[PDB]
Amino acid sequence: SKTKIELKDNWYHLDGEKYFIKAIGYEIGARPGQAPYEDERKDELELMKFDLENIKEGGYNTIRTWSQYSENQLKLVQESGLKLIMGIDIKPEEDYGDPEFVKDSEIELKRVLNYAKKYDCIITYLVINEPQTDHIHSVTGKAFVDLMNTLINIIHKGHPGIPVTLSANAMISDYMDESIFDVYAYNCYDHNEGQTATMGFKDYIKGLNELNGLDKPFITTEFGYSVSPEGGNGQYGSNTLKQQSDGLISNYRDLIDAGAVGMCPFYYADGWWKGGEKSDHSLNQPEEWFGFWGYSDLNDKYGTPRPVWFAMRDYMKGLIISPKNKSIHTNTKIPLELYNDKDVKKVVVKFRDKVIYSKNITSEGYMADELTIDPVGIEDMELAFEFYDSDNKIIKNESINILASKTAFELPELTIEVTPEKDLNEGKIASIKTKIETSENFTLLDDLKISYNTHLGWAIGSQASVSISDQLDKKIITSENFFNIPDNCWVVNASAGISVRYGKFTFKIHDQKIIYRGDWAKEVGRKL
């Protein structure tokens, strides 16, 4: 008798009960000295026993991977208690349309499945990681889908039961249809730039989930921050340990708020190989410093935990899935949803230091109820959640800010008209006409931000800060911005957004148009 997994109301279930995937990225054979994709493959049991046990005490219930485990490695997972999201090493840079590569992939995957289908710890297969957009233009979208369909199908027959999705990047693969997959999944990174400066992290991602069709569970497959001594750009690289531990937390909430029902924070331990030399901890190589664990010197096989690890541990102990922070509620009944580890014996919610909800938790896991509020007019509220343990000692505080009311109300809204509208072949030069309907009591602030993200690699393309000082009086704020269209830009994410305040409650308002060049995206691009 083995785990049964079904997805409905957009949640993983595990033998009937909702399961919230509290995962971490993990990669064996990547200690200082090692390169995982270059070295002769070894199981590495002795270190896996150490790591898995750490990841257990670390507060997680799942591990996410990029590369397929052997049978011997699976056994150690299976035994651990931990769930697995297993990546299949399909080189992103290969010609997906090359028959030889397809055949090798079919044969490789089939060999893994032949043993992996006896390990019920596997709760998701990731079919590929970070497929790049120029690449897919070159080898054709047709090739890309046909592969995914081959691979998906093979896994369905080969390991029946188990969701298949891909680890696509939110910031370059926003345009991509994922309806062929059993789950929506994205690698999410918040560098307050391009799309994530316009919409903000929560809404950006949330809007992909909404464009996707809100018909399947949504998970994050990566998110985090590098603590390199130097190097990178903006938030990408060169964060302090404080900033890392604090962004990981600001990521979590924001992504749940976007509606994720599974989380894979990025990377247990550093990997000195990611920056060019397995034996050097390059000081200006961001990729080498993503770990929650860091190695001391070349000789260290173990590492020690950075601050982020203790913060993540503690924060995971009681998750609020609803209400979502920065949610708007035109009602007096607030859906409540928690996932609680076995240590949370009580949960209370306060508003202005008065109790409005108080449930004693009898069993762990998912748990739903309702909160009654009494909002006057339009009322921002910080709801203040408190998780208690057996001795009745608070172990987590977390606050959810809502903007609530008993009746409907207007918000200001921002919409954009983009040139060309439909087909980038229609001109060399683009425009974004932003338009902001203001609303009284709602205060716009600082700077409207514009972004014509041209998808060229990781390059986030043009951006702009437009002051609206001189238009505050007006009901309708307007702004026309131009951009050179690159010849080799295949798709673009035109967006704009501005911050908005009501009392203590701030949120961005924004719009987004994803526009293509000719019909190259006919297959791979999201429909409807």
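Residue numbers run from 1 along the displayed sequence.
* Higher-scoring stretch by recorded Cα B factor average, 433 to 441 or 157 to 165 -> Taking the mean B-factor of the alpha carbons in each, 433 to 441 is higher.
* Asked: Mean C-alpha B factor from the entry: is it higher for 317 to 325 or for 444 to 452?
  -> Going by the record's values, the stretch with the higher mean is 444 to 452.
* To do: Between 352, 253, 281, 396, let me know which has the highest C-alpha B-factor in the entry?
  => Each of 352, 253, 281, 396 was compared by C-alpha B-factor; the highest is 281.
* Member of 246, 257, 423, 190 with the greatest C-alpha B factor (per the PDB record) -> Highest CA B-factor of the listed options: 423.
* residue 271 by Cα B-factor - lowest, middle or highest third of the modelled chain -> It belongs to the middle third of the chain when residues are ordered by C-alpha B-factor.
* Asked: Relative to the other modelled residues in the chain, which third contains the C-alpha temperature factor of residue 513: lowest, middle or highest?
  -> Middle third - that is where residue 513 ends up once the chain's C-alpha B-factors are sorted.
* Within-chain third of residue 66 by Cα B-factor, per the entry -> Lowest third - that is where residue 66 ends up once the chain's C-alpha B-factors are sorted.
* Asked: Sorting the chain's CA B-factors, does residue 312 end up in the lowest, middle or highest third?
  -> Residue 312: CA B-factor falls in the lowest third of its chain.
* Asked: Hey, what third does residue 407 fall into on Cα B-factor, ranked over its chain?
  -> As the PDB entry reports it, the C-alpha B-factor of residue 407 lands in the highest third of its chain.
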